[PDB]
């Protein structure tokens, strides 16, 4: 796993985000078990509760590009700092990466099971 290259893809995705309501763009990138990278950016909506997280876009892009399992994940904010996914996004990642998905956090790389136990 090339974590700097994954973080670079996440920062590039962050630059594409639609976040005019919060002013808080987010980008995410993940390695799929076939070796390819998929990315997402957040897309906010005037009805706040319809906003899509970057991880939502990433999971949609996972299947649009052929499916598979996530093996490594990173998320970054508009300053390029590492972000831990919100609880909803942890649940999406669990479905497609499982407990052993590696998650890039500001405190260090963590298995998803350490971030969402008993899921």
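Residue numbers count along the first chain shown, from 1.
K.L.:
Sorting 42, 47, 91, 74 by Cα temperature factor from the record, which one lands on top?
P.N.:
In the PDB entry, the greatest C-alpha B-factor among 42, 47, 91, 74 is found at 47.
K.L.:
Out of 84, 30, 59, 53, which one has a C-alpha B factor higher than all the others in the entry?
P.N.:
That would be 84, according to the entry.
K.L.:
Comparing against every modelled residue in the chain, figure out the third that the C-alpha B-factor of residue 6 lands in (lowest, middle or highest).
P.N.:
It falls in the bottom third of the chain.
K.L.:
Please say which third, lowest, middle or highest, residue 111 falls into when its CA temperature factor is compared across its chain.
P.N.:
Answer is lowest: the recorded C-alpha B-factor places it there.
K.L.:
Split the chain's modelled residues into thirds by Cα B-factor; is residue 26 in the lowest, middle or highest one?
P.N.:
Lowest third.
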